[PDB]
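Student: The structure's right below; bear with me while I get my questions together.
Neighbour counts run over all protein chains shown; Cβ positions are idealised from the backbone, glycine included. Just so you know, all these numbers are worked out from the coordinates, no wet-lab data involved.
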C-alpha cells in the first residue's frame, strides 16, 4: 500500500495526487504489468514489484 490512484481506460493512463501537488499522469502499453482498468478499479502507485500504476 502507498497511494490511491485512478486510471482511465480511455487514455490508458493513471494519475494521482502526490506531495509535490503537481498532478502526474502516465500512459501504459498493452503488455503485461502495464494494463489499464477503471479509475477506482485497482489503480495504485507501487515501486516494490516494479509494477506500474495502471488499473
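Student: If residue 50 meets every condition in (1) part of a loop (DSSP other than H, G, I, E, B); (2) under 11 Å from the mean Cα position of the chain (by Cα); (3) loosely packed, with under 12 Cβ neighbours inside 10 Å apart from one, which number is that one?
Tutor: (2)
Each row is one residue, and each column tells you yes or no for (1) in contact (Cβ under 8 Å) with a residue 40 or more places away in the chain; (2) in contact with a strand residue (DSSP E or B) (Cβ under 9 Å, 6 or more places away or on another chain); (3) surrounded by 13 or more Cβ atoms within 10 Å (Cβ to Cβ).
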position: 4; (1), (2), (3): yes, yes, no
position: 10; (1), (2), (3): no, no, no
position: 17; (1), (2), (3): no, yes, no
position: 22; (1), (2), (3): no, no, no
position: 32; (1), (2), (3): no, no, no
position: 36; (1), (2), (3): no, yes, yes
position: 44; (1), (2), (3): yes, yes, yes
position: 54; (1), (2), (3): yes, yes, yes
